[PDB]
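Asker: Protein chains in written order, with the entry's author numbering: chain A, 1 to 343; chain F, -2 to 182; chain G, 119 to 366; chain D, -2 to 363; chain C, -2 to 370; chain B, -2 to 360.
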Amino acid sequence: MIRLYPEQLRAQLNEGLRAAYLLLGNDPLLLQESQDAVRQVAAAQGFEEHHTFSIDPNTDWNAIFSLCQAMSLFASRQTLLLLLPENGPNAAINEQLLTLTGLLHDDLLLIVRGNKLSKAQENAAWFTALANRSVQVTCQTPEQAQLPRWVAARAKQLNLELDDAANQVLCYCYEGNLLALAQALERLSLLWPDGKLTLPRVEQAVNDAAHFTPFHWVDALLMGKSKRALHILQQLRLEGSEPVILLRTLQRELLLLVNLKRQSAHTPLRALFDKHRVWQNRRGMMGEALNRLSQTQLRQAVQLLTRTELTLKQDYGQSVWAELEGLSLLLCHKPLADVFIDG
Amino acid sequence: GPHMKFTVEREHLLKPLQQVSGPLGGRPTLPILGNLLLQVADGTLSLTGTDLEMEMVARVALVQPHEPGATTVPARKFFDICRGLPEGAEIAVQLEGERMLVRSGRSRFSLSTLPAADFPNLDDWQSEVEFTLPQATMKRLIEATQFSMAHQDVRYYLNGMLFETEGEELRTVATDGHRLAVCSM
Amino acid sequence: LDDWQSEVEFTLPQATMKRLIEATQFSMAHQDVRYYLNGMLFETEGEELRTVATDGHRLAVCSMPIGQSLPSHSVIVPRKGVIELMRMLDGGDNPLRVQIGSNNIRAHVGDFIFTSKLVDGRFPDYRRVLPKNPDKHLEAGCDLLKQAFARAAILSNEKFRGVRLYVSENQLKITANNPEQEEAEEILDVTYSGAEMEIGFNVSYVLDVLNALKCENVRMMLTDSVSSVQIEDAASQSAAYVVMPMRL
Amino acid sequence: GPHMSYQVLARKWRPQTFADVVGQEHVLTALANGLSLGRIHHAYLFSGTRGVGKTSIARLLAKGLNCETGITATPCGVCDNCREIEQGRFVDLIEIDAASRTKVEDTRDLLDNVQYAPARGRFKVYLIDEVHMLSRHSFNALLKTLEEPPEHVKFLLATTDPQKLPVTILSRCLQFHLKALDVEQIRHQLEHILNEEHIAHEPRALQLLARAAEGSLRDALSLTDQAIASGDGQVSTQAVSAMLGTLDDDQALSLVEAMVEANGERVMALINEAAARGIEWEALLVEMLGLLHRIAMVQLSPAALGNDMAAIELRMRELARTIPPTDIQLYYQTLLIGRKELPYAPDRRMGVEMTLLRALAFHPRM
Amino acid sequence: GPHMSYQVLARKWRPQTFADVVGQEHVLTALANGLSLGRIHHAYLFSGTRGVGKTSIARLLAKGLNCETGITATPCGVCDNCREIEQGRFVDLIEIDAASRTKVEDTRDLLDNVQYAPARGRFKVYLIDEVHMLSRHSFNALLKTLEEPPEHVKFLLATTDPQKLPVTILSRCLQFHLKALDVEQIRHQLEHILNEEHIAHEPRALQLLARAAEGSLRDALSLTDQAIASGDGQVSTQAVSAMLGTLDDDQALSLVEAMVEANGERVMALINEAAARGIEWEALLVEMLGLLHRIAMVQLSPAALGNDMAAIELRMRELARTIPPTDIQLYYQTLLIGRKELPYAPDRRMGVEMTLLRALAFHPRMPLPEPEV
Amino acid sequence: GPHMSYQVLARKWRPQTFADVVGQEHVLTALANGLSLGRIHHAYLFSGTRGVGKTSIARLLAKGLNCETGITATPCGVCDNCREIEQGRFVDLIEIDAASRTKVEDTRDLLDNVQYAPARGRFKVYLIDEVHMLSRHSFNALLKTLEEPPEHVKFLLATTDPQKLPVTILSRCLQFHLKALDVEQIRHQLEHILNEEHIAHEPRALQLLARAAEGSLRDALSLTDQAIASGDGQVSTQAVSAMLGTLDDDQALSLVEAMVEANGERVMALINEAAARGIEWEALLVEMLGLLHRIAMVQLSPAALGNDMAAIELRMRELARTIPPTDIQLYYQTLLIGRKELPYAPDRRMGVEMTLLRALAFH
DNA sequence: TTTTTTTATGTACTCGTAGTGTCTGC
DNA sequence: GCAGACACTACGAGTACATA
Ligand SMILES: Nc1ncnc2c1ncn2[C@@H]1O[C@H](COP(=O)(O)OP(=O)(O)O)[C@@H](O)[C@H]1O
Ligand SMILES: Nc1ncnc2c1ncn2[C@@H]1O[C@H](COP(=O)(O)OP(=O)(O)O)[C@@H](O)[C@H]1O
Ligand SMILES: Nc1ncnc2c1ncn2[C@@H]1O[C@H](COP(=O)(O)OP(=O)(O)O)[C@@H](O)[C@H]1O
Ligand code: BEF
Ligand code: BEF
Ligand code: BEF
Ligand SMILES: [Mg+2]
Ligand SMILES: [Mg+2]
Ligand SMILES: [Mg+2]
Ligand SMILES: [Zn+2]
Ligand SMILES: [Zn+2]
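1) From the DSSP secondary-structure annotation, give me the bridge partner or partners of C/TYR113.
2) In chain G, which residues lie less than 8 Å from F/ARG152 when you measure between Cβ atoms?
3) Put B/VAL257 into one of helix, strand or coil per three-state DSSP.
4) Could you tell me the distance, in whole angstroms, from the CA atom of G/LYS198 to the CA atom of C/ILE166?
5) Should B/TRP10 be listed as close to ligand 3, given that the test is whether its C-beta is under 7 Å from any heavy atom?
6) Just the chain F side, please: which residues come within less than 8 Å of B/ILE166 by C-beta, in chain order?
7) When we look at the beta-carbon of D/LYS141 and count the other beta-carbons within 10 Å, is it buried (16 or more) or exposed?
8) With a 10 Å radius around its C-beta and 16 neighbouring C-beta atoms as the bar for buried, classify C/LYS51 as buried or exposed.
9) Only counting runs of 3 or more residues, tell me where the beta strand (DSSP E) segments fall wholly within the stretch 225 to 299 of chain D, in order along the chain.
10) In terms of residue numbering, what span does the alpha helix (DSSP H) encompassing B/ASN192 cover?
11) So which of D/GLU211, D/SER168, D/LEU357, D/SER135 has the shortest CA-CA distance to D/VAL180?
12) Can at least three beta-carbon pairs, one atom from the stretch 25 to 40 of chain C and one from the stretch 177 to 193 of chain C, be found at a separation below 8 Å?
13) If we cut at 8 Å on Cβ distances, does F/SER109 have a partner in chain C?
14) Could you give the DSSP three-state label for C/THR142: helix, strand or coil?
15) With a threshold of 8 Å between beta-carbons, can F/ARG7 be considered close to chain C, or not?
16) Chain C beta carbons: is any one of them nearer than 8 Å to that of D/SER213?
17) Do the stretch 333 to 340 of chain A and the stretch 281 to 298 of chain A meet, that is, are 3 or more Cβ pairs less than 8 Å apart?
18) Can you find a heavy atom of ligand 6 that lies under 7 Å from the Cβ of B/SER53?
19) Excluding five sequence neighbours on each side, which residues of the same chain lie with their C-beta closer than 6 Å to the C-beta of B/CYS170?
20) Considering only their Cβ atoms, is the gap separating F/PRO62 from F/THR4 smaller than 8 Å?
21) Tell me which same chain residues have a C-beta within less than 8 Å of the C-beta of D/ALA301, skipping the five on either side of it?
Here is the structure:
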């Protein structure tokens, strides 16, 4: 219930165990390595038998068998590692968890692992009853701007030297995909145990395998950088989200931006953003975005976008995903189109 | 090349086929593992069936004339051929070229085989503890402590019996977890 | 649900209906484009309650005399109703009261009356389907033929369980092939005399027919390779079956 | 409970003999030549617009293939096999509601039992109707059976359009394109049917029903059955004219001349009057296009008007004299585009108003 | 003898020797050279449009491989194995109608049975037809076997759209593309078929059939059978022309020349003649568009005319020389708009009449005169 | 006749040692450095594209982890276990074709052999090729085996589409990513292969084969088999010229370059190529329109895209700036009108011909 | 820090479950 | 006998994918 960060969960792990542990937060790899650290700490301590249970609706609780009966040949305590569903559990499972805690033995440990829960799921009967002694901890992957420091810190922990150019190429190639980042770090360490990597082969042992959620796409398109936007779209290949999500995203911000430009003659852009708290990390990134445009520019953007909107859904076009390449690139160096398209 | 000659009866062939082809159900990784190895050596038939884990070998006396050789036959098809034939009928077998022909007087079948060289065998080893236990005693040992096994357990060794020996006595440990069992015969 | 007219009453042990359905159930259509082909045809005659089932390529007709005057009436009952009716048969001592209507079939068993909806169609004329000339006729032991056909079929083609009869003077030769070529040959001594002939046909169907009737000595009738085979028991003529050949 | 249920003309008068079929001379001649000469084929697909007779031709061919007389060009009609096919009981004619039975599962099921000999007939005809709604897997499943079927099985395909089929199947059957039936054939067939059915009819009413069906026996015959409900027992000219919404009056050319002279008020008044009277709008624009065509044709070559055109020549030739040749084609294109967009308009009257305003926008000076 | 059985031209005339093929060079030569040099690759996919020979070429190659004598590029038609594959249902050729075998539950069984040795001949030939219909799991299952099959197994994969296959399957096996045939080859094949059939034929009808076959031989053979049925057992230009709906009647060049010469009366006369002939109007418009297109192509380069169109070549050249390109484009656009508006015309004859009239009156060098003012 | 069965070059020239692997310096060096020392993760996931070496490299790890000498980055040459793995048969390596084994009723049994003793040689090691086809429950069984793997065993793993695996197993496995071969790598390897047996070769054929291989080495070997077949035991420029009808790609830019003038036979040759190739005419004209639109974009911006056609950044730019923008707009109008009316032409080839003729009619 | 928002229809595959044939030392 | 094994086969659901 404490709702702390794993940098402190390590501290509570070093001290006396605070009964059941619940580590949450959507994690690429940090959840698994935190689980591994918990496993090794427990193995050093009493609890050694890690029984893996997948918490899911429509799946009966075989954990009661461990809960009601104690181990007989090697007790050695034991730990129940629970895997939560990606949407959270239901009331039946939440109350059966409380029943299990009622069946808890002194050598039993409860570990609940999952993603962020809903408020009712968070404040269920089991969590409420365990709020007296259990702990809660959450973590999330670093952002784009927070990546270089994290990568450098991990490199310094692993006793391998990095460089600014190497960090740049890593944060470009592996942006938010820490599993790939960790594998690349291990590969660069094992390839050359010299301990000096500046830019000799870091690209040779690093591919383009990273996640890219749509919110950053306009962040490039608002500068109108042709090569950068084209490279971002090429990076989006092989993890290709269906076009509808990207289309919804850019229609959202373009409707917001056209409303902003309509109201620009009225109350200034900052106090207008006061209504448009879309948390674009300052609401000022949109402020520098709106600096480079024109009303005719917005017309040329919206015509192509709305033509695509019927180009993929009215007749089910197959090039429409590649059309996202077409629409984003043409806006980069189009101050205003002299009609000739006006879709 | 090889050409073996079977001359056998159903009653002395049904049970060995059952004992050698019982565990051979399902689809195995090598297709030869789904096959049953027939060997005709001296006046002896050796029927071999494997699952990469256990081998059943049945020996059948060949009182009637025979020819030595080695081949492999689809176990289910051969068993269903031997089964259902009239009681007391004689099965004769000749493996010609590629196919093996079975005959019961008024019936003839031609089954496809696989070369005997492809069939895997378990290498010889040294048997440390060799004994001739009474069959009933071993049956008691198994049954009195087999109800507790803990099949499908994470330990990946709790799933099997343990056998311990000392002097003229032995025990069978039923590694189960919350259950233990032992038997001293 | 209300009562119906054109309602003839039956009085028969459950064993009679069980024998009838078990005689003509394995050859009833299952999810076929011919919608009338599903279910069984129950036809009333002054002699028996004849029943007809067909897939278009297995025509099984059973005729158990009932001992009552029956106005001529032809009915088709769907697969579901037939299965349920067969499930409700047991005991063999209670008299089953079968009540036919224009659009429904009811039946009183013991103390309960159950009903089933009735397929709307015009079933084919089975008598024309039955061959018009039994010029080539043979008789053979039922269990011997059944055992021989099982032996041959164990190497038959999986998807198309197809064997071939070769009928010569007092001899039946069963030949079966399959992908991953395997040949099964079996010779039976039969009571046949006539023209030499070969005919390919499904073996699952014939094994099913022999399983259904299971008499002492069967006899089949047939003319030419394309001609369908009409199999019945040599003791009586109450049950007849028609199997359509493979190849052509 | 009438005779079965086909008290409707659409089912009662489907032909039972190649002699009884109307039109389709080329395909009937081809099928008769193939049947009699001995050149037979295992897969015919009949492609043509709706209500032309591809299903009927297919069933009649199925009759002709399995008549006890032999492989006869003209089916017996009285022999037992023809009677059974008429009843639908015939266990070798396997009709398929391919629009309903689309799953590849059922196609595979019906292909597994192709090797069986026919129960009673010579040929096991697989009549498939509405083939174009087979799932792509079903189309490709039919391939190796369509190409080389056994000696005894013959396929019949009856599709509304041929181009939706994969080019593989389209290249393994005889494509018989059923030519759409012209007005005279429809009129003669309808008159013969009505004389057989003993209900009085007027020739011009039959002409209307023929010209409104756009070449379809089923469509025209359904329209006649609709008129019989309206016109009590008789297909009378007045009743069918009111039902079909024909432009009996001369307001068509009146609003034509109002539109070409940019008289917006007059055009709107005529439209309001027509809507009040209860006009039909698609026929209005069809008449517009016809009148414009006649005006243009006599603008090029005089003395081209006929009957009613030759009577209203006093106005038509004046219009051809005053309207330049270039603007006539533009008016015609605008009117036909409006007719194209009539379905894509929430109100038909509003769609016609839109079309007329688009036309008047060519010269919107006043 | 002539063997009067009248059983489908397509099936009767499937190639049986290596030379009866219609004239695919780049694949027949490669296959023959591979079989001669001993390089018998274990898996290869034939692609190409419908009815070119890929399913036939596969059967010929299986015939060649499993011949009784040594591997010969040209199979014999006398040995037991060649006769058996000739008659179908051959012992060692497993022809798998993959469109009926798409479930992985059957491809797994196939790969289970692949190990057992064949009984006759040298190889067992898995002719998997319509490969592109296999379900994804079946393809992945086939992958490892295709990479390293046993010594005695060859996979004959044939399909129509190889791009549907997973790219790894394309990598595992060779790729032979069968080009759609030329008009000369297909016409020669039709001549051979009709001459051996002892059926009289006319050259114009054969040229029509070749043109309408769209470069796929089975289309031409089916059309030839349909024309044989259409006529009284003879192939005639009249029967083929009336059955195809082509406008060889009164050509179409008269109509286009009346267009460019702006004679409305000539256009009306030709339209009335066609209407009495009962021709379909959209085909007439398509013919006019094609004529305009060929005129433009010849105006760019005189060698654009086809040899099948060598009947009216002088007037074609003259019209190419006279009419400026812009007028040709204007005619093409007007007639194309007319064809687009045909379904929405009040009548097809009337719509085509007005399309002709519009393309006439807008002719710049000779427009329809304004009536009075 | 029935003699001299030259089996595929894909199978004959399959690498035997790490020195015979073309390209992929990173994977080779990483595993070489990892094999000398004992830090071996219990599961090695290999991923790449079609026909590169994932399976070959996995065979090499089975070669290395199991030898009489021991865990060696250097090859073994000949020693029983690794000798046995040159051919199919081998006792302590079992190659589960995961495509044929997807259900748990099979993969649970196969993984259940992990707790048996290893065969001759240490490191019971199995290669589950194409892992992306395992069922969800199969992946759960694999995860339960990976979380507590027996120390005496390891097992490799391969795939082609790594995105289908669960994140748990991907995070657990020490994934190596295998890169697509570059053109030079494939060209030199094919040169070596051809020189090895007996076949003469000219260089241009080999560049063409490498370009058409699209990067997969197995693809290059299949195409060299076809080239040898067509060329009658000699891969000369003519057989690969017959292949050139398939590998000829650059066609949409040349027609755009030839539209702005009357080049004579260029337009006829290009339309002949398009007709004999039969690519989508609608897509062809859409590519035309896109090229023309980016050209108009460059007219109003001297470097509007820059990354467009880097190989044609010395010819496309001339028509990107020299041609007046009015002519570009007129050409765009012509091509748009052609596309709008294309399906209604008698044939789409005729339609694209007419679009080209209209474009050439004006300027 | 919680934030918008495409379908119908079809085809496979794999995992439970459920129902049923068949038959084995019990 | 025979019920329980034991197999085997069919059906629904959940999921992944395709194509119009
Ligand atoms: N060629 C024809 N001859 C006679 N009647 C016809 C013809 N075509 C259509 N009909 C009439 O149309 C009705 C439906 O015909 P049908 O053959 O089902 O057309 P479709 O091709 O659209 O299925 C028939 O019942 C018949 O009255
Ligand atoms: N190359 C060819 N030579 C001769 N006939 C051919 C050829 N290609 C196709 N055909 C004709 O087409 C019929 C079917 O050809 P088929 O080989 O099935 O084409 P597909 O490649 O589409 O399966 C053959 O019976 C033959 O008459
Ligand atoms: N690194 C390599 N060295 C040598 N041959 C290779 C290499 N990569 C691929 N190949 C060739 O491609 C064929 C198939 O290779 P494979 O390793 O199965 O590719 P995949 O990664 O797609 O499973 C091999 O037989 C070999 O000829
Ligand atoms: F086109 Be029809 F109405 F079948
Ligand atoms: F008719 Be082919 F096989 F496309
Ligand atoms: F075998 Be590879 F993944 F193409
Ligand atoms: Mg119909
Ligand atoms: Mg084919
Ligand atoms: Mg691979
Ligand atoms: Zn031969
Ligand atoms: Zn070694």
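Don't be surprised by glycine CBs; every beta carbon is placed ideally from N, CA and C.
Answerer: If we stick to the structure as given:
1) Bridge partners of C/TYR113: none, in fact.
2) Residues of chain G with a Cβ closer than 8 Å to the Cβ of F/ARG152 do not exist, since the nearest Cβ in that chain sits about 42 Å away.
3) Coil at B/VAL257, not helix or strand.
4) 46 Å
5) yes
6) The premise fails here: B/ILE166 is roughly 18 Å from chain F at the closest Cβ pair, so nothing lies under 8 Å.
7) buried
8) C/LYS51 comes out buried.
9) Runs of the beta strand (DSSP E) inside the stretch 225 to 299 of chain D: none found.
10) In the DSSP annotation of this structure, the continuous segment of the alpha helix (DSSP H) that includes B/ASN192 starts and ends at 180 to 193.
11) Nearest option by C-alpha distance: D/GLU211.
12) Cβ pair count under 8 Å is below three, so no.
13) yes
14) helix
15) no
16) Using a CB distance cut-off of 8 Å, D/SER213 does not count as an interface residue toward chain C.
17) By the Cβ rule, the stretch 333 to 340 of chain A counts as touching the stretch 281 to 298 of chain A, because three or more pairs are nearer than 8 Å.
18) B/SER53 has its Cβ no nearer than 7 Å to any heavy atom of ligand 6.
19) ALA40, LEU42
20) Yes, the pair counts as a contact, with Cβ atoms nearer than the cut-off.
21) Hits under 8 Å: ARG291, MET294, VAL295.
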